[PDB]
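Engineer: Sharing a structure here in structure tokens format.
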Amino acid sequence: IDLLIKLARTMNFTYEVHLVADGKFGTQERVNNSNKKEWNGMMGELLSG
Amino acid sequence: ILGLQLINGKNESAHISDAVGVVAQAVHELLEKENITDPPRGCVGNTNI
Amino acid sequence: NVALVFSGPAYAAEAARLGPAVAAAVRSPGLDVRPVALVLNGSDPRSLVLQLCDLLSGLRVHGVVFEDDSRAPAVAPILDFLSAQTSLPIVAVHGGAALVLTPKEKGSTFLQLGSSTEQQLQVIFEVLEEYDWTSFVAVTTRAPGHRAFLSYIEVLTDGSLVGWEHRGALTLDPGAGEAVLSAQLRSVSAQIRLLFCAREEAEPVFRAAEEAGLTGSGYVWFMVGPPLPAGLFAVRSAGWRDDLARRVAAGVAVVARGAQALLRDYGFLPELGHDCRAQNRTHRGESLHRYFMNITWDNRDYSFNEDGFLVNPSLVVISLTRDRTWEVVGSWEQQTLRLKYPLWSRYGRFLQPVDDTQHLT
Amino acid sequence: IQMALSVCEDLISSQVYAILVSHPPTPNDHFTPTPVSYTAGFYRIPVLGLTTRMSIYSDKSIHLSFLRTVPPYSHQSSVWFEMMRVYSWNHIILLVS
């Protein structure tokens, strides 16, 4: 978190940090139902928007 | 608004003339060794294709 | 009031006797079934709409079952337009109108009893690992629906423990020549080819493979759609099963439940088909495809989609026998993979060795 | 069905080889080309049309014989592709029913 404050202070932008729904890092979990499955966890939330 | 448009909307003068030439040109070279048989005559019932 | 219309003069003789036979087949409380056959002949929509309207206008029949003799699906679109015209439920059991037609017009009541390529494309992969046929190649011919066949191919191969390999070509031109066709036929990197061919070009493409020197049981092919080289697999979708009297009886069995599906909530018997063109209006219509989701009959689910095609079928796969005959080999009834011809003695039955030297025990 | 009674008794009674259709003056739900497409297409007779813009008559699976002179509504997307290029646009959001 401390590193984030350094970047923002020298880049002129703001933030509002929120945790992830489930504390699991992004993984594939290939189930093939939804066209070769889909992501989850933190890295699944990034691509959604 | 930057909508689109058709040049000849709801027009039939050119299309009617154009449709004649394509068929007429094709008929000119249609005379070949292959069958030039007309479609079946009569409207009671048929199976031939 | 039902319309059991058939196709072909040969079906007229059995149509008369099948009337009483299917009348007593299915009985439901507060329901009367009056089968009506027809002696009409001809594939053109000339007698297919004139006297058919007389059944609608005069007999006031609801629910039509169509049986066709020839394997030309040219008559399938004919009833599709008519189904959405008077908003009358139309179901075709089998015949020419067997292949699924998509997309269909809105508010279309046509029901098709056919299995699309999607369900067929599933059972083939199970028998591949059953007989250890992981290596395969899929090819196709110019068709309106070759995009779907190729699009799903990578979906199944994405998963599973064993590693799949895929290859193939894009199209083929029979008019180019046998040598030209065989020139591109040498790009072989597997033991089995999967081809998306049509009925009209099925015979020429089989003769095209003759020049490739692949006719014996040493090489096999699988047929997708509806001098024969050995080792051919086909699907019938109960085409050769359930006879015909049982098949035609089930056409009205679903309708009776569908009629009872709406009658329990409210009492209303539609009379939309009572007149063909006596009214210049077709606005009055509701629940056109609201029915036929959960239908149980003959201990088999009869679920249908919005397009109007069976989604829970009992498909049967048919192999090619050395006496130039086709017999069922695998049975697929409600996600069952029991099969027959047990997998033992690999590289033997259904595919003979090309060389009897590299295969050793 | 009113005009479907003359799909062959009148249209092909002259032993014609093609049928030309147009959008009806009444702006209804473009119902005029359905009978000719099924009937004349059943005989494998190609049909032509004018003032026709519907993407439903595109693939050969439902309509094997159909050659409309006027391209359908779906071609309006292609024009926008080059249009935004000279205005230096890279990211887009579409509103499509």
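Note on naming: chains are A, B, ... as they come in the structure tokens, residues start from 1 per chain, ligands start from 1 in the order shown.
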Would you list the contacts of residue C:185 as a PyMOL selection string, taking every protein, DNA or RNA residue within 10 Å and counting only C-alpha atoms, but skipping same-chain residues closer than 6 positions in sequence?

Structural biologist: chain C and resi 168-169+172+179+208-209+211-212

Engineer: Using only C-alpha atoms, determine which residues of chain C fall within 8 Å of chain D; present them as a ChimeraX atom specification.

Structural biologist: /C:44-45,74-75,77-78,81,101-103,144-145,277

Engineer: Limited to N, CA and C atoms, could you put the picked residues into a file as an mmCIF file, in the first residue's frame?

Structural biologist:
```cif
data_model
loop_
_atom_site.group_PDB
_atom_site.id
_atom_site.type_symbol
_atom_site.label_atom_id
_atom_site.label_comp_id
_atom_site.auth_asym_id
_atom_site.auth_seq_id
_atom_site.Cartn_x
_atom_site.Cartn_y
_atom_site.Cartn_z
ATOM 1 N N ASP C 44 -44.513 -30.539 -55.307
ATOM 2 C CA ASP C 44 -44.723 -29.109 -55.467
ATOM 3 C C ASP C 44 -45.833 -28.625 -54.535
ATOM 4 N N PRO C 45 -45.725 -27.386 -54.021
ATOM 5 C CA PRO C 45 -46.761 -26.817 -53.150
ATOM 6 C C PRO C 45 -48.006 -26.365 -53.911
ATOM 7 N N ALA C 74 -36.215 -30.303 -49.629
ATOM 8 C CA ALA C 74 -36.764 -29.138 -50.311
ATOM 9 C C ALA C 74 -38.182 -28.812 -49.857
ATOM 10 N N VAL C 75 -38.919 -29.798 -49.336
ATOM 11 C CA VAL C 75 -40.275 -29.554 -48.854
ATOM 12 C C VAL C 75 -40.310 -29.072 -47.410
ATOM 13 N N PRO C 77 -38.866 -26.258 -45.988
ATOM 14 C CA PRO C 77 -39.238 -24.837 -45.868
ATOM 15 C C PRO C 77 -40.670 -24.541 -46.279
ATOM 16 N N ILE C 78 -41.322 -25.434 -47.027
ATOM 17 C CA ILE C 78 -42.679 -25.168 -47.498
ATOM 18 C C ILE C 78 -43.638 -25.039 -46.321
ATOM 19 N N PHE C 81 -43.130 -21.720 -43.683
ATOM 20 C CA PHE C 81 -43.904 -20.507 -43.927
ATOM 21 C C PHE C 81 -45.367 -20.704 -43.552
ATOM 22 N N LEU C 101 -33.669 -26.721 -39.548
ATOM 23 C CA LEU C 101 -33.607 -25.496 -40.337
ATOM 24 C C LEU C 101 -33.486 -24.307 -39.395
ATOM 25 N N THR C 102 -32.358 -23.608 -39.469
ATOM 26 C CA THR C 102 -32.115 -22.420 -38.669
ATOM 27 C C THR C 102 -31.519 -21.326 -39.540
ATOM 28 N N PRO C 103 -31.851 -20.058 -39.267
ATOM 29 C CA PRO C 103 -32.787 -19.570 -38.245
ATOM 30 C C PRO C 103 -34.236 -19.684 -38.701
ATOM 31 N N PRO C 144 -23.548 -24.225 -46.077
ATOM 32 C CA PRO C 144 -24.014 -23.062 -45.303
ATOM 33 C C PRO C 144 -23.678 -23.146 -43.825
ATOM 34 N N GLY C 145 -23.393 -24.338 -43.304
ATOM 35 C CA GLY C 145 -23.111 -24.487 -41.891
ATOM 36 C C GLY C 145 -21.794 -25.162 -41.566
ATOM 37 N N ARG C 277 -57.983 -18.059 -45.311
ATOM 38 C CA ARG C 277 -57.886 -16.679 -45.772
ATOM 39 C C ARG C 277 -59.217 -15.942 -45.680
#
```

Engineer: Atom CA of residue C:32 and atom CA of residue C:291 are how many Å apart?

Structural biologist: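 Straight-line distance from atom CA of residue C:32 to atom CA of residue C:291 works out to 20.2 Å.
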
Engineer: Report the residues of stretch 231-267 of chain C whose backbone DSSP state falls under helix (DSSP H, G or I), written as a PDB file with C-alpha atoms, in the first residue's frame.

Structural biologist:
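The new file part_5.pdb reads:
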```
ATOM      1  CA  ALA C 245     -46.533 -46.643 -36.446  1.00  0.00           C
ATOM      2  CA  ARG C 246     -44.922 -45.800 -33.102  1.00  0.00           C
ATOM      3  CA  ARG C 247     -43.241 -42.710 -34.569  1.00  0.00           C
ATOM      4  CA  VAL C 248     -46.448 -41.269 -36.036  1.00  0.00           C
ATOM      5  CA  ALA C 249     -48.394 -41.940 -32.822  1.00  0.00           C
ATOM      6  CA  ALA C 250     -45.986 -39.840 -30.741  1.00  0.00           C
ATOM      7  CA  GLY C 251     -46.641 -36.835 -32.990  1.00  0.00           C
ATOM      8  CA  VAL C 252     -50.104 -36.340 -31.503  1.00  0.00           C
ATOM      9  CA  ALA C 253     -49.038 -37.538 -28.034  1.00  0.00           C
ATOM     10  CA  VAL C 254     -47.041 -34.356 -27.411  1.00  0.00           C
ATOM     11  CA  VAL C 255     -49.870 -32.234 -28.842  1.00  0.00           C
ATOM     12  CA  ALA C 256     -52.392 -33.754 -26.425  1.00  0.00           C
ATOM     13  CA  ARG C 257     -50.141 -32.879 -23.484  1.00  0.00           C
ATOM     14  CA  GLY C 258     -49.577 -29.468 -25.059  1.00  0.00           C
ATOM     15  CA  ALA C 259     -53.334 -29.079 -25.417  1.00  0.00           C
ATOM     16  CA  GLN C 260     -53.679 -30.159 -21.782  1.00  0.00           C
ATOM     17  CA  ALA C 261     -50.811 -27.830 -20.827  1.00  0.00           C
ATOM     18  CA  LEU C 262     -52.916 -24.760 -21.645  1.00  0.00           C
ATOM     19  CA  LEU C 263     -56.306 -26.232 -20.707  1.00  0.00           C
ATOM     20  CA  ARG C 264     -55.426 -26.764 -17.034  1.00  0.00           C
ATOM     21  CA  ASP C 265     -54.720 -23.063 -16.450  1.00  0.00           C
TER      22      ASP C 265
END
```

Engineer: List as a PyMOL selection string the protein and nucleic acid residues near stretch 33-42 of chain A, meaning an atom at most 9 Å away when only C-alpha atoms are counted, but skip any in the same chain fewer than 3 places from it.

Structural biologist: (chain A and resi 19-30+45-46) or (chain C and resi 155-156+158-159)

Engineer: May I have the residues from that selection written out with C-alpha atoms, as a short mmCIF file (atom, residue, chain, number, x, y, z; two decimals), in the first residue's frame?

Structural biologist:
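Result went into result.cif, see below:
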```
data_model
loop_
_atom_site.label_atom_id
_atom_site.label_comp_id
_atom_site.auth_asym_id
_atom_site.auth_seq_id
_atom_site.Cartn_x
_atom_site.Cartn_y
_atom_site.Cartn_z
CA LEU A 19 -10.41 -5.78 -1.50
CA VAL A 20 -11.26 -8.75 -3.69
CA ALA A 21 -14.38 -10.89 -3.35
CA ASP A 22 -12.39 -14.07 -2.64
CA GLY A 23 -8.75 -14.06 -1.60
CA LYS A 24 -7.58 -16.17 -4.53
CA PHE A 25 -5.11 -15.06 -7.18
CA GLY A 26 -6.15 -15.19 -10.83
CA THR A 27 -6.25 -18.68 -12.33
CA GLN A 28 -7.75 -20.41 -15.35
CA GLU A 29 -9.78 -23.31 -13.89
CA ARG A 30 -10.35 -24.83 -17.32
CA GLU A 45 -11.88 -8.64 -11.89
CA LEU A 46 -9.30 -6.63 -13.85
CA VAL C 155 -13.86 -26.34 -27.78
CA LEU C 156 -13.87 -30.07 -26.99
CA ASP C 158 -9.38 -27.66 -25.12
CA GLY C 159 -9.96 -29.89 -22.08
#
```

Engineer: Could you check which of C:22, C:40, C:293, C:238 is closest to chain B, using only C-alpha atoms?

Structural biologist: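 Residue with the minimum atom-to-atom distance to chain B: C:40.
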
Engineer: Report as a list in words all protein, DNA and RNA residues lying within 7 Å of stretch 316-326 of chain C, evaluated on only C-alpha atoms, omitting residues in the same chain fewer than 2 positions from it.

Structural biologist: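 Everything that qualifies: residues 230, 231, 232, 233, 234, 235, 236, 237, 238, 314, 328, 329, 330, 331 and 332 of chain C.
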
Engineer: Suppose we keep C-alpha atoms; can you now write the selection as a PDB file, in the first residue's frame?

Structural biologist:
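As written to disk, selection.pdb reads:
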```
ATOM      1  CA  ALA C 230     -14.810 -49.724 -46.110  1.00  0.00           C
ATOM      2  CA  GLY C 231     -14.806 -48.229 -42.630  1.00  0.00           C
ATOM      3  CA  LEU C 232     -17.634 -45.686 -42.685  1.00  0.00           C
ATOM      4  CA  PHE C 233     -19.565 -44.367 -39.685  1.00  0.00           C
ATOM      5  CA  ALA C 234     -23.010 -42.780 -39.880  1.00  0.00           C
ATOM      6  CA  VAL C 235     -25.722 -41.476 -37.559  1.00  0.00           C
ATOM      7  CA  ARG C 236     -29.422 -42.271 -37.935  1.00  0.00           C
ATOM      8  CA  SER C 237     -31.064 -40.407 -35.011  1.00  0.00           C
ATOM      9  CA  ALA C 238     -33.587 -43.245 -34.601  1.00  0.00           C
ATOM     10  CA  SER C 314     -31.674 -40.781 -28.136  1.00  0.00           C
ATOM     11  CA  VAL C 328     -26.189 -49.898 -35.326  1.00  0.00           C
ATOM     12  CA  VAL C 329     -23.007 -50.141 -33.249  1.00  0.00           C
ATOM     13  CA  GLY C 330     -23.252 -47.508 -30.503  1.00  0.00           C
ATOM     14  CA  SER C 331     -26.301 -46.597 -28.426  1.00  0.00           C
ATOM     15  CA  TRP C 332     -26.608 -43.089 -26.959  1.00  0.00           C
TER      16      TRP C 332
END
```

Engineer: Between atom CA of residue C:285 and atom CA of residue C:49, what is the distance, to one decimal in Å?

Structural biologist: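 Between atom CA of residue C:285 and atom CA of residue C:49 the gap is 21.4 Å.
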
Engineer: Can you check which residues of chain B have any atom within 6 Å of chain C? Use only C-alpha atoms and format it as a PyMOL selection string.

Structural biologist: chain B and resi 45-47

Engineer: Since we have the selection now, will you write its residues out, keeping N, CA and C atoms, as a PDB file, in the first residue's frame?

Structural biologist:
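Generated output (again-v9.pdb):
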```pdb
ATOM      1  N   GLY B  45     -49.692 -30.384 -60.172  1.00  0.00           N
ATOM      2  CA  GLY B  45     -48.802 -31.046 -59.239  1.00  0.00           C
ATOM      3  C   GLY B  45     -47.605 -31.654 -59.939  1.00  0.00           C
ATOM      4  N   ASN B  46     -46.414 -31.473 -59.373  1.00  0.00           N
ATOM      5  CA  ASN B  46     -45.204 -31.993 -59.993  1.00  0.00           C
ATOM      6  C   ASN B  46     -44.177 -32.310 -58.917  1.00  0.00           C
ATOM      7  N   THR B  47     -43.213 -33.156 -59.286  1.00  0.00           N
ATOM      8  CA  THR B  47     -42.082 -33.473 -58.427  1.00  0.00           C
ATOM      9  C   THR B  47     -40.734 -33.232 -59.088  1.00  0.00           C
TER      10      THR B  47
END
```

Engineer: How many Å lie between atom CA of residue B:13 and atom CA of residue D:75, rounded to one decimal?

Structural biologist: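 Atom-to-atom, atom CA of residue B:13 and atom CA of residue D:75 are spaced 22.6 Å apart.
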
Engineer: Would you list which chain D residues are within 10 Å of chain B using only C-alpha atoms, as a ChimeraX atom specification?

Structural biologist: /D:6-10,12-18,20,22-23,25,42-45,48-52,69-70,76-77,79-80

Engineer: If you run DSSP on the backbone here, which positions in stretch 282-313 of chain C get strand (DSSP E or B)? Please write them as a PDB file with C-alpha atoms, in the first residue's frame.

Structural biologist:
```
ATOM      1  CA  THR C 296     -42.257 -37.086 -21.047  1.00  0.00           C
ATOM      2  CA  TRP C 297     -43.466 -39.917 -23.275  1.00  0.00           C
ATOM      3  CA  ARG C 300     -37.788 -40.520 -23.006  1.00  0.00           C
ATOM      4  CA  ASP C 301     -37.580 -36.750 -22.644  1.00  0.00           C
ATOM      5  CA  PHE C 304     -37.393 -28.698 -27.460  1.00  0.00           C
ATOM      6  CA  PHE C 309     -35.551 -28.831 -32.419  1.00  0.00           C
ATOM      7  CA  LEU C 310     -34.991 -31.762 -30.080  1.00  0.00           C
TER       8      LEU C 310
END
```
